[PDB]
Amino acid sequence: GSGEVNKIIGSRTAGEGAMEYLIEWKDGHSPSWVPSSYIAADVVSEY
């Protein structure tokens, strides 16, 4: 459902840790609104 697809990507979070959103990350860690990755758990640029 609009995730892990690897198509159009919107990306705007914060910068302190996250700052992106859409796929472009082969669903490394659960598709997420995060920075060129998926850092859902207090983290930056990854998980």
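Positions of Cβ are generated from backbone atoms using ideal geometry, with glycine treated the same way; all protein chains shown enter the neighbour counts. Nothing in this text is a laboratory measurement; each read-out follows from the coordinates by a stated rule.
Points worth noting:
- Local net charge near residue 4, Cβ-Cβ under 9 Å (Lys/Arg +1, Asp/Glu -1): 0
- Packing, taken as the mean count of other beta carbons within 10 Å per residue, orders the peptides 4-14, 19-29 from highest to lowest as 19-29, 4-14.
- Taking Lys and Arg as +1 and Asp and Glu as -1, the other residues whose beta-carbon sits under 11 Å from that of residue 18 total -3.
- Whole-number percent relative contact order across the chain, with pairs defined as alpha carbons under 8 Å at least 6 apart: 31
- Simple spin-label estimate for residue 11 and residue 46 in nanometres, 7 Å along Cα-Cβ: 1.6
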